[PDB]
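In what follows, a single structure is set out as structure tokens and then discussed.
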Amino acid sequence: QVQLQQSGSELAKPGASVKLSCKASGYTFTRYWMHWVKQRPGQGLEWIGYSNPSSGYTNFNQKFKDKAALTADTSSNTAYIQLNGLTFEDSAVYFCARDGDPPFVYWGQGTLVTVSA
Amino acid sequence: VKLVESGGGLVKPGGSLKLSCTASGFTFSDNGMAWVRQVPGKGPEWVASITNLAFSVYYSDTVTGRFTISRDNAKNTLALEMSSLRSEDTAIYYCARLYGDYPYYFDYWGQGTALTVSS
Amino acid sequence: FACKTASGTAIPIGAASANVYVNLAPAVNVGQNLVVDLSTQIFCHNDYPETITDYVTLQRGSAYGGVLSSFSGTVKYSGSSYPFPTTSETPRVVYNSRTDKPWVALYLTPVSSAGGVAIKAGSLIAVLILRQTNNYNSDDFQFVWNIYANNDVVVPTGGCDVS
Amino acid sequence: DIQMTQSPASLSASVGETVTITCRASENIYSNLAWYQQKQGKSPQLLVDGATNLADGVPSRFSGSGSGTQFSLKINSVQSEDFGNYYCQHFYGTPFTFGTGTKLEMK
Amino acid sequence: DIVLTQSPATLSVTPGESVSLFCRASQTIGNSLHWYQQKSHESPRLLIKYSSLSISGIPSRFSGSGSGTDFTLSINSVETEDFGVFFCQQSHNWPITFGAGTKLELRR
């Protein structure tokens, strides 16, 4: 069984820098890629980008070109994303999933990050 | 580009010989090899070819199951142990270099050695 | 689209299962093992210029061939890198001039430390289903480039390069 | 970089009935669409692959169809345990953006 | 298999004109045909690679054209140094079977 789970609710302040969590086990982490999802309440699901554990290369979106720096730890099998310079509209929940085989759908409950003054 | 062939002569049917090919002036490890025999006054005939490291051998229609072809990439030599003589093998042999796709065509040709059959 | 490989391979138009033969070019990048360069061997153009434009998009289903069955890597299709096999479809490549410009690199993700694979001649090295799209009409094609190998060089399966 | 519209915003679904979800795109997307089934406060999951091939595990009541620009999803005899959201996501060219979404409620 | 037929076998031509020779294969080949020139008792030398492209060191007086099954190797101006035998070579599918070769000679 392949599943993902993520970190808890982190409340922070705008202008800060923080790296998040997407914990995994039970599957070969570096020979299949992973994708990222951002969920905006009242708007819907949007796409972030995808990164390689082995080469380290990342294809971003145009909005998340300078927003996020996507890494993927081969040894700890943990999918990472860091964000610097928080804004008031970035308070959301992130989702992480897999890329590769035909199906490639394995999902987690999400990392909820919220910021306020 | 110089190609050196050795092992020619006059032999009886049923004998065995070694043809040796030595190459210089180009990259040996990137490019295939073959042997081509030519009857005087008659069109060319192909007998043997081999690909890059020593991964595969190929022959023509009347040659399969008879010849031995091999290569040494350390000393850049192509060796033919041939032991199925008949009356049709009276020909001059060139060791030639199979450049291009699936080692198909011939880039440079050596001087070759003559091989003739008599009783 | 009747172009050629640098070794001189005859590429026919609409042949579906394409027997096009290229050369191998191995190297090493960080987390990548460069198997083959299709850019430095396949130089193409448009056969009927000034009215048509050759767009090529890599159609789904494509992996390596021959002995390599459970092996996957990366494709460099016009600069940026994408996964390989196909979860998606890469962006296009513009062809609009009578110029033999480079066309793409294939990389392998390291599983061993410095190990490798031997490739024979005439073994399959790409099972690439492509798609040729024009600009005048929104149409699509279906070519299966069964790309084989010509030279036999050791492509690394490890994290380094041994030569 | 393409914008994509899923239709409609919301609709009412009963039990023992058929609903249709329409996914429309501007460019002729080359059959790289997927249908995602979202629950509330819970991890979403897939329905089908390529809008033609069923994913393994769910029964055949869910059915995707269409290719090119028109992509449709027919769902018959829908029950109470699959109320949520539908997201048709395209995969032609970076970015691989999601859709707008479709909201389902009790009749 | 595939056999190669030449046409004509022999042709005596006055020097100074333009000559054209043909090689025919058994099946479809594309453009994967090559030529060799053996003037006298030595190794033959290639002229035109893949029926449209030349090799450097060989002059542009040798030209190739055609595709499919029929090909044409032409010389625009001939002189007292190009007499000899022409070899055509097919490289489509294994195994390789050559052609007879066309003898071109000069009146003297």
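Quick note on naming: the chains in the structure tokens go A, B, ... in the order shown, residues restart at 1 in each chain, and ligands are numbered from 1 in order of appearance.
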
task = Name all residues at most 8 Å from region 32-38 of chain D (count only C-alpha atoms; drop same-chain ones fewer than 5 positions away) and give them as number ranges by chain.
result = C: 88-89; D: 43-51, 84-92

key: chain B: residues DSSP assigns to strand (DSSP E), reported as JSON, numbers by chain   = {"B": [2, 3, 4, 5, 6, 9, 10, 11, 17, 18, 19, 20, 21, 22, 23, 24, 32, 33, 34, 35, 36, 37, 38, 44, 45, 46, 47, 48, 49, 50, 57, 58, 59, 68, 69, 70, 71, 72, 77, 78, 79, 80, 81, 82, 91, 92, 93, 94, 95, 96, 97, 98, 99, 105, 106, 107, 108, 109, 113, 114, 115, 116, 117]}

ask   = Near residue 21 (chain E), counting only C-alpha atoms, which residues have an atom at most 10 Å away, once you skip same-chain residues fewer than 6 positions from it, shown as a ChimeraX atom specification?
value = /E:6-9,11,64,71-75,86,88,102,104

request  = Pick out the residues sitting within 8 Å of residue 38 (chain A), and hand them over as a ChimeraX atom specification; count only C-alpha atoms, and ignore anything fewer than 3 positions along from it in its own chain.
outcome  = /A:45-48,92-95

request  = Pick out the residues sitting within 7 Å of region 38-47 of chain E, and hand them over as an NGL selection string; count only C-alpha atoms, and ignore anything fewer than 2 positions along from it in its own chain.
outcome  = (:B and (109-111)) or (:E and (35-36 or 49 or 54-55 or 58 or 62 or 82-86))

Could those residues be written to a file, using N, CA and C atoms, as an mmCIF file, in the first residue's frame?
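So out09.cif came out as:
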data_model
loop_
_atom_site.group_PDB
_atom_site.id
_atom_site.type_symbol
_atom_site.label_atom_id
_atom_site.label_comp_id
_atom_site.auth_asym_id
_atom_site.auth_seq_id
_atom_site.Cartn_x
_atom_site.Cartn_y
_atom_site.Cartn_z
ATOM 1 N N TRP B 109 39.121 1.568 -47.458
ATOM 2 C CA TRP B 109 39.432 0.210 -47.882
ATOM 3 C C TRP B 109 40.936 -0.024 -47.847
ATOM 4 N N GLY B 110 41.344 -1.187 -47.328
ATOM 5 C CA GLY B 110 42.745 -1.549 -47.295
ATOM 6 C C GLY B 110 43.209 -2.246 -48.564
ATOM 7 N N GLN B 111 44.510 -2.545 -48.596
ATOM 8 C CA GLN B 111 45.101 -3.183 -49.771
ATOM 9 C C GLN B 111 44.693 -4.648 -49.881
ATOM 10 N N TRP E 35 28.379 3.923 -53.777
ATOM 11 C CA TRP E 35 29.126 3.683 -55.002
ATOM 12 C C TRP E 35 30.605 3.516 -54.674
ATOM 13 N N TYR E 36 31.319 2.775 -55.522
ATOM 14 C CA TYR E 36 32.767 2.642 -55.422
ATOM 15 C C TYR E 36 33.367 2.736 -56.818
ATOM 16 N N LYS E 49 28.118 9.332 -50.938
ATOM 17 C CA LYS E 49 27.612 8.652 -49.754
ATOM 18 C C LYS E 49 26.125 8.944 -49.582
ATOM 19 N N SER E 54 28.325 13.926 -50.766
ATOM 20 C CA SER E 54 29.672 13.592 -51.197
ATOM 21 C C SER E 54 30.602 13.492 -49.995
ATOM 22 N N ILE E 55 31.787 12.946 -50.244
ATOM 23 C CA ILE E 55 32.836 12.830 -49.237
ATOM 24 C C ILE E 55 33.949 13.811 -49.590
ATOM 25 N N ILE E 58 37.006 13.909 -52.354
ATOM 26 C CA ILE E 58 36.480 13.474 -53.643
ATOM 27 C C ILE E 58 35.817 14.677 -54.302
ATOM 28 N N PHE E 62 31.392 13.950 -59.412
ATOM 29 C CA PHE E 62 30.517 12.799 -59.231
ATOM 30 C C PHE E 62 29.244 13.264 -58.535
ATOM 31 N N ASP E 82 39.508 8.589 -65.095
ATOM 32 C CA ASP E 82 38.383 8.006 -64.375
ATOM 33 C C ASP E 82 37.873 6.702 -64.978
ATOM 34 N N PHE E 83 38.584 6.132 -65.950
ATOM 35 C CA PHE E 83 38.168 4.863 -66.532
ATOM 36 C C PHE E 83 38.370 3.739 -65.521
ATOM 37 N N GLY E 84 37.442 2.797 -65.503
ATOM 38 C CA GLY E 84 37.485 1.740 -64.516
ATOM 39 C C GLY E 84 36.101 1.171 -64.286
ATOM 40 N N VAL E 85 35.936 0.503 -63.148
ATOM 41 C CA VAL E 85 34.694 -0.188 -62.837
ATOM 42 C C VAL E 85 33.969 0.556 -61.717
ATOM 43 N N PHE E 86 32.651 0.648 -61.873
ATOM 44 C CA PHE E 86 31.736 1.241 -60.911
ATOM 45 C C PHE E 86 31.066 0.117 -60.136
#

Sorted by chain and rising residue number, list the residues of chain D at most 6 Å from chain A (counting only C-alpha atoms), each with its closest atom pair and distance in Å to one decimal, as a Markdown table.
| residue | atom | partner | partner_atom | distance |
| --- | --- | --- | --- | --- |
| D:42 | CA | A:109 | CA | 5.9 |
| D:43 | CA | A:109 | CA | 4.8 |
| D:95 | CA | A:61 | CA | 5.8 |
| D:97 | CA | A:47 | CA | 4.9 |
| D:98 | CA | A:46 | CA | 5.5 |

key: Residues of chain C within 12 Å of chain D, counting only C-alpha atoms, as a PyMOL selection string   = chain C and resi 57-61+77+80-82+86-93+130-131+133+137-141

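Distances from C:7, C:41, C:99, C:51 to chain B were compared using only C-alpha atoms, and the smallest one belongs to C:7.
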
task = Name the residues in contact with residue 9 (chain C) at a cut-off of 9 Å, using only C-alpha atoms, excluding same-chain residues fewer than 2 positions from it; report them as a VMD selection string.
result = (chain B and resid 100 to 101) or (chain C and resid 3 to 7 11 19 to 22) or (chain E and resid 31 to 32 50)

request  = For region 4-7 of chain D, please output as a PyMOL selection string all residues within 8 Å (counting only C-alpha atoms; exclusion window: fewer than 2 positions along the same chain).
outcome  = chain D and resi 2+9+21-26+87-88+99-102

Take the residues from that selection and write them out as a PDB file, in the first residue's frame, keeping N, CA, C and O atoms.
ATOM      1  N   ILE D   2      -2.313  27.870 -20.360  1.00  0.00           N
ATOM      2  CA  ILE D   2      -3.649  27.898 -20.943  1.00  0.00           C
ATOM      3  C   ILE D   2      -4.672  27.893 -19.807  1.00  0.00           C
ATOM      4  O   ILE D   2      -4.472  27.226 -18.786  1.00  0.00           O
ATOM      5  N   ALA D   9     -20.804  25.015 -12.249  1.00  0.00           N
ATOM      6  CA  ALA D   9     -20.292  25.267 -10.906  1.00  0.00           C
ATOM      7  C   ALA D   9     -20.842  24.254  -9.909  1.00  0.00           C
ATOM      8  O   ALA D   9     -20.096  23.714  -9.083  1.00  0.00           O
ATOM      9  N   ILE D  21     -20.985  15.674 -16.259  1.00  0.00           N
ATOM     10  CA  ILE D  21     -20.034  16.746 -15.982  1.00  0.00           C
ATOM     11  C   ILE D  21     -19.230  17.011 -17.247  1.00  0.00           C
ATOM     12  O   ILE D  21     -18.664  16.085 -17.837  1.00  0.00           O
ATOM     13  N   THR D  22     -19.175  18.276 -17.658  1.00  0.00           N
ATOM     14  CA  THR D  22     -18.576  18.669 -18.927  1.00  0.00           C
ATOM     15  C   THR D  22     -17.271  19.407 -18.669  1.00  0.00           C
ATOM     16  O   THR D  22     -17.241  20.375 -17.902  1.00  0.00           O
ATOM     17  N   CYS D  23     -16.197  18.951 -19.308  1.00  0.00           N
ATOM     18  CA  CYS D  23     -14.881  19.574 -19.184  1.00  0.00           C
ATOM     19  C   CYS D  23     -14.473  20.084 -20.563  1.00  0.00           C
ATOM     20  O   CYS D  23     -14.228  19.296 -21.481  1.00  0.00           O
ATOM     21  N   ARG D  24     -14.394  21.404 -20.701  1.00  0.00           N
ATOM     22  CA  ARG D  24     -14.140  22.049 -21.980  1.00  0.00           C
ATOM     23  C   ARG D  24     -12.778  22.733 -21.951  1.00  0.00           C
ATOM     24  O   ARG D  24     -12.411  23.353 -20.947  1.00  0.00           O
ATOM     25  N   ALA D  25     -12.035  22.616 -23.049  1.00  0.00           N
ATOM     26  CA  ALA D  25     -10.726  23.234 -23.188  1.00  0.00           C
ATOM     27  C   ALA D  25     -10.675  24.063 -24.465  1.00  0.00           C
ATOM     28  O   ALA D  25     -11.451  23.842 -25.400  1.00  0.00           O
ATOM     29  N   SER D  26      -9.746  25.021 -24.498  1.00  0.00           N
ATOM     30  CA  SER D  26      -9.605  25.881 -25.668  1.00  0.00           C
ATOM     31  C   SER D  26      -8.818  25.188 -26.774  1.00  0.00           C
ATOM     32  O   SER D  26      -9.337  24.973 -27.875  1.00  0.00           O
ATOM     33  N   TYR D  87     -12.647  17.321 -10.291  1.00  0.00           N
ATOM     34  CA  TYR D  87     -11.624  18.178 -10.878  1.00  0.00           C
ATOM     35  C   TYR D  87     -11.062  17.493 -12.112  1.00  0.00           C
ATOM     36  O   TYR D  87     -10.427  16.441 -11.999  1.00  0.00           O
ATOM     37  N   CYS D  88     -11.304  18.072 -13.284  1.00  0.00           N
ATOM     38  CA  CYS D  88     -10.733  17.556 -14.521  1.00  0.00           C
ATOM     39  C   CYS D  88      -9.446  18.317 -14.810  1.00  0.00           C
ATOM     40  O   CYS D  88      -9.464  19.532 -15.041  1.00  0.00           O
ATOM     41  N   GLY D  99      -8.801  22.043 -12.901  1.00  0.00           N
ATOM     42  CA  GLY D  99      -9.975  22.736 -13.376  1.00  0.00           C
ATOM     43  C   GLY D  99     -10.584  23.630 -12.306  1.00  0.00           C
ATOM     44  O   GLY D  99     -10.032  23.830 -11.226  1.00  0.00           O
ATOM     45  N   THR D 100     -11.751  24.186 -12.636  1.00  0.00           N
ATOM     46  CA  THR D 100     -12.451  25.041 -11.682  1.00  0.00           C
ATOM     47  C   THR D 100     -13.108  24.217 -10.580  1.00  0.00           C
ATOM     48  O   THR D 100     -13.039  24.575  -9.398  1.00  0.00           O
ATOM     49  N   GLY D 101     -13.748  23.110 -10.946  1.00  0.00           N
ATOM     50  CA  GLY D 101     -14.398  22.241  -9.977  1.00  0.00           C
ATOM     51  C   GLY D 101     -15.906  22.191 -10.135  1.00  0.00           C
ATOM     52  O   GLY D 101     -16.531  23.102 -10.682  1.00  0.00           O
ATOM     53  N   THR D 102     -16.500  21.103  -9.647  1.00  0.00           N
ATOM     54  CA  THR D 102     -17.940  20.897  -9.691  1.00  0.00           C
ATOM     55  C   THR D 102     -18.442  20.422  -8.333  1.00  0.00           C
ATOM     56  O   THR D 102     -17.982  19.406  -7.807  1.00  0.00           O
TER      57      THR D 102
END

Closest contacts (chain E/chain B, max 7 Å, only C-alpha atoms) as a tab-separated table:
residue	atom	partner	partner_atom	distance
E:42	CA	B:111	CA	6.9
E:43	CA	B:111	CA	5.9
E:91	CA	B:104	CA	5.7
E:95	CA	B:60	CA	5.1
E:96	CA	B:60	CA	6.4
E:97	CA	B:45	CA	6.6
E:98	CA	B:44	CA	5.9
E:99	CA	B:43	CA	5.8
E:100	CA	B:43	CA	4.1
E:101	CA	B:43	CA	6.0

Expected answer as a compact mmCIF listing (two decimals) with C-alpha atoms, in the first residue's frame: chain B residues within 9 Å of chain C, only C-alpha atoms:
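Generated file (part.txt):
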# COMPACT_ATOMS: atom_id res chain seq x y z
CA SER B 29 36.18 1.90 -30.39
CA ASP B 30 33.32 3.80 -32.09
CA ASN B 31 33.03 2.01 -35.40
CA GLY B 32 32.39 -1.46 -36.90
CA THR B 51 30.04 -4.74 -34.44
CA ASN B 52 31.70 -2.48 -31.89
CA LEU B 53 32.88 -4.07 -28.64
CA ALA B 54 32.45 -7.70 -29.72
CA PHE B 55 28.74 -7.76 -29.17
CA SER B 56 27.41 -9.44 -32.36
CA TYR B 99 30.85 3.40 -40.46
CA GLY B 100 27.28 4.70 -40.35
CA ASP B 101 23.98 3.27 -39.22
CA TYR B 102 23.76 -0.36 -37.92
CA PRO B 103 27.32 -0.62 -39.29

ask   = How many Å separate CA of residue 118 (chain B) from CA of residue 49 (chain B)?
value = 26.6 Å

request  = Measure the distance from CA of residue 9 (chain B) to CA of residue 113 (chain B) in Å and round it to one decimal.
outcome  =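 A separation of 7.8 Å between them.
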
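The space separating CA of residue 101 (chain A) from CA of residue 80 (chain A) comes to 21.1 Å.
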
Quick one: which chain C residues come within 6 Å of chain A, and what is the nearest atom pair for each with the distance in Å to one decimal, counting only C-alpha atoms, rows ordered by chain and ascending number, as CSV?
residue,atom,partner,partner_atom,distance
C:30,CA,A:55,CA,5.5
C:31,CA,A:55,CA,3.8
C:32,CA,A:55,CA,5.9
C:87,CA,A:100,CA,6.0

Grab the residues selected above and save them as a compact mmCIF listing (two decimals), in the first residue's frame with C-alpha atoms.
# COMPACT_ATOMS: atom_id res chain seq x y z
CA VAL C 30 24.20 15.35 -11.34
CA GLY C 31 21.66 12.60 -10.74
CA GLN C 32 21.63 11.79 -14.46
CA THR C 87 2.85 10.92 -17.56
